[PDB]
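Residue numbers (PDB author numbering), protein chains in the order written: chain D, 247 to 295; chain B, 296 to 344. Positions of the beta carbon are idealized from the N, C-alpha and C atoms, including for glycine.
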């Protein structure tokens, strides 16, 4: 049977099957766009100086 | 009203009153003094402070 992907996982992956999923695949740039609410944006009139 | 030093904390070229101007000014007497827009391109929302 030999060493599997659980031992031989290159790229620093964390391969776990059933379902087949490489958790912690250390690669890429993850584009995340946060459309946040406007209520956090307190200006200089609101902010401490 | 002496030593009126004005810092513009808020400046957007927008449709509303997008100027937020904090003027630390030393008052000789307590009272409502008129605020005059010296700039024709500005519109002061408040009138007397």
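Practice problem: Check whether the Cβ of residue 315/B lies closer than 9 Å to any Cβ atom in chain D. | Solution: yes
Practice problem: Flag residue 305/B as yes if its beta-carbon sits less than 9 Å from any beta-carbon of chain D, otherwise no. | Solution: yes
Practice problem: Return the residue from the list 253/D, 257/D, 285/D that minimises the CA-CA distance to residue 274/D. | Solution: 257/D
Self-check item: Length of the line joining the Cα atoms of residue 304/B and residue 277/D
Solution: 33 Å
Exercise. Check the DSSP bridge columns for residue 343/B and list the partner residues they point to.
Key: 329/B
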